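Quick heads-up: it's one chain on its own, the form deposited in one PDB entry, in structure tokens.
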């Protein structure tokens, strides 16, 4: 039971299981992993694929020959295992040159470098099969108010994404972009801090259809937001191009716990939503095995990500299939929510005395919503008490 297979579409970043455990107050607790070892270990755990930043696959500053060497060994591991690469991204955050940003660095020469670094990796991503190219603008933002003129920075951010869209259009690539929001860390405040801000920004790009979001559980929770609700808004907009699954224990530094950890009920409601919406993309884990763990704990934590998704999938399906739940949803008027409010139009609504003049507000108000019974059925299903 709960054994993942490639059919389940689980993916992991090289940098997840490969995290050496450096944190702001700590040196590495684990050795670097060879990407080939990661591909092989994740395949044996039942993953479907991996993702990478450029600099996870090819050490920064590699010569062209070294580059090609790293890419070849990786492609041979992918090919041997049947592991895929559904998504890739650029590291525009680790190198000190990016200390004020990539695309929105105040220094123009840095902005241009960021774009070139990204374009080089888009070409590689496409060859390896990525259908989504993620941008996490972790350095875009500020610690102080005058350091960054945010309207101007948004002009630069738009200019960068529009140039990338021109490039992929020119090349005839299939690949779409996904912006990964985060509210803070490592900048005091990060630009495009939530799913909403990223969705809004996309609508001002030249080719909006090429851009969506890559929301991460823990990032929205760093703003105290409801991650299932934000995913619902992304799905409503047609913009859930990819998703990052993990756990977060509240409003604090980005913990990147394994999926299921942190806010467990939010993980349940997320799975419920993804499955009823028919999301077809990768189930990607952007997580860190805690630095307390050795390599055996790395693979246990990765396995746990997948196991928890599968348990929650079972529980959510059982919840929605239960006749008792179907009845409680009706008792709570979830069916009525789906009826148009006024398909009859403005003039019919305005002439309808049952909508105002003759509406019995007190009788309506006295009708309980029955939400607590509904939620306790949900709790019982999650806990396997049904």
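Numbering follows the first chain given and starts at 1.
Beyond what is shown, the protein has a form solved in complex with a small molecule; the following relates to that form.
K.L.:
Taking the small molecule in the entry with it bound as the reference, which of 283, 182, 258, 187 has a non-hydrogen atom within 4.5 Å?
P.N.:
For this set of options, the contacting one is 182.
K.L.:
Give me the residue from 201, 93, 269, 113 that has a heavy atom within 4.5 Å of the small molecule in the entry with it bound.
P.N.:
Going through each option in turn, the one that passes is 93.
K.L.:
Examine residue 220 and determine whether its closest non-hydrogen atom to the small molecule in the entry with it bound is within 4.5 angstroms.
P.N.:
Contact check for residue 220: no, nothing within 4.5 Å of the small molecule in the entry with it bound.
K.L.:
If we define contact as a non-hydrogen atom of the residue within 4.5 angstroms of the partner, is residue 254 a contact of the small molecule in the entry with it bound?
P.N.:
Yes, contact at 4.5 Å.
K.L.:
Taking 4.5 angstroms as the cut-off for heavy atoms, does residue 30 touch the small molecule in the entry with it bound?
P.N.:
Residue 30: no, not in contact with the small molecule in the entry with it bound.
K.L.:
Is there a heavy atom of residue 309 lying 4.5 Å or less from a heavy atom of the small molecule in the entry with it bound?
P.N.:
Because no heavy atom of residue 309 falls inside 4.5 Å of the small molecule in the entry with it bound, the answer is no.
K.L.:
Counting any heavy atom within 4.5 Å as contact, can you tell me which stretch out of 153-161, 226-234, 212-220, 96-104 lines the small molecule in the entry with it bound?
P.N.:
Within 4.5 Å of the partner lies stretch 212-220.
K.L.:
Using heavy atoms only and a 4.5 Å cut-off, decide whether all three of 15, 53 and 136 touch the small molecule in the entry with it bound.
P.N.:
All three within 4.5 Å in the entry with it bound.
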